[PDB]
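Asks: Just dropping this structure here.
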Amino acid sequence: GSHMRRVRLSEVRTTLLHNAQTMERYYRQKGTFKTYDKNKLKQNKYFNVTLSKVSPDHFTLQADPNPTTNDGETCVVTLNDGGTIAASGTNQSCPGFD
């Protein structure tokens, strides 16, 4: 239901943010995101977290809903290195975003 979804969407925002800080620290140590091992991302119980885009100086993190633990969620959440968070679903609003 919408309540469950609203909590899970709010908490995966924290997960994405935590990964983004980790990558910001990594960028200052290395000067690039190209060498980052995409299997060092912190996951979320209700969303699988991946690097949808990675370039030397920028990245986009993406959270896709877990179809087992978060069945019925279609909203995909992104966060880029610029700090812009965004969410969109499939003919479904994203509580806490729209």
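Chains: A, B, ... in order of the structure tokens. Residues: from 1 per chain. Ligands: from 1, in order shown.
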Using only C-alpha atoms, which residues sit within 7 Å of range 65-81 of chain A once same-chain residues fewer than 2 positions away are excluded, as a list in words?

Replies: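 Answer for this query is residues 5, 16, 20, 46, 47, 48, 58, 59, 60, 61, 62, 63, 83, 84, 85, 86, 87, 88, 89, 90 and 94 of chain A.
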
Asks: With DSSP run on the backbone, what are the alpha helix (DSSP H) residues within chain A? I'd like them as a ChimeraX atom specification.

Replies: /A:2-30

Asks: Would you kindly return, as a ChimeraX atom specification, each protein, DNA or RNA residue with an atom no farther than 9 Å from any atom of residue 7 in chain A, considering only C-alpha atoms and excluding same-chain residues fewer than 5 positions away?

Replies: /A:2,12,95-96

Asks: Restricting it to N, CA, C and O atoms, dump the selection as an mmCIF file, in the first residue's frame.

Replies:
data_model
loop_
_atom_site.group_PDB
_atom_site.id
_atom_site.type_symbol
_atom_site.label_atom_id
_atom_site.label_comp_id
_atom_site.auth_asym_id
_atom_site.auth_seq_id
_atom_site.Cartn_x
_atom_site.Cartn_y
_atom_site.Cartn_z
ATOM 1 N N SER A 2 0.205 2.395 -0.189
ATOM 2 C CA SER A 2 0.944 3.640 -0.391
ATOM 3 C C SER A 2 1.806 3.992 0.812
ATOM 4 O O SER A 2 2.893 4.559 0.651
ATOM 5 N N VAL A 12 15.177 4.651 0.885
ATOM 6 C CA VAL A 12 16.161 4.395 -0.167
ATOM 7 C C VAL A 12 16.833 5.689 -0.596
ATOM 8 O O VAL A 12 17.947 5.651 -1.140
ATOM 9 N N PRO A 95 5.117 8.275 -3.985
ATOM 10 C CA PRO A 95 4.830 9.058 -2.778
ATOM 11 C C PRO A 95 6.106 9.602 -2.157
ATOM 12 O O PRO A 95 7.101 8.883 -2.008
ATOM 13 N N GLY A 96 6.064 10.892 -1.794
ATOM 14 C CA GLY A 96 7.234 11.605 -1.346
ATOM 15 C C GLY A 96 7.981 12.336 -2.441
ATOM 16 O O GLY A 96 8.844 13.160 -2.132
#

Asks: Calculated over only C-alpha atoms, which of the candidates A:27, A:34, A:44, A:39 has the smallest distance to residue 14 in chain A?

Replies: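 Closest to residue 14 in chain A of all the choices is A:44.
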
Asks: Going by DSSP on the backbone, which bits of range 54-84 of chain A are strand (DSSP E)? Write them as a PyMOL selection string, please.

Replies: chain A and resi 54+59-65+76-80

Asks: Please provide the set of residues having any atom within 8 Å of residue 41 in chain A, restricted to only C-alpha atoms, with same-chain residues fewer than 4 positions apart removed, written as a PyMOL selection string.

Replies: chain A and resi 19+49-50
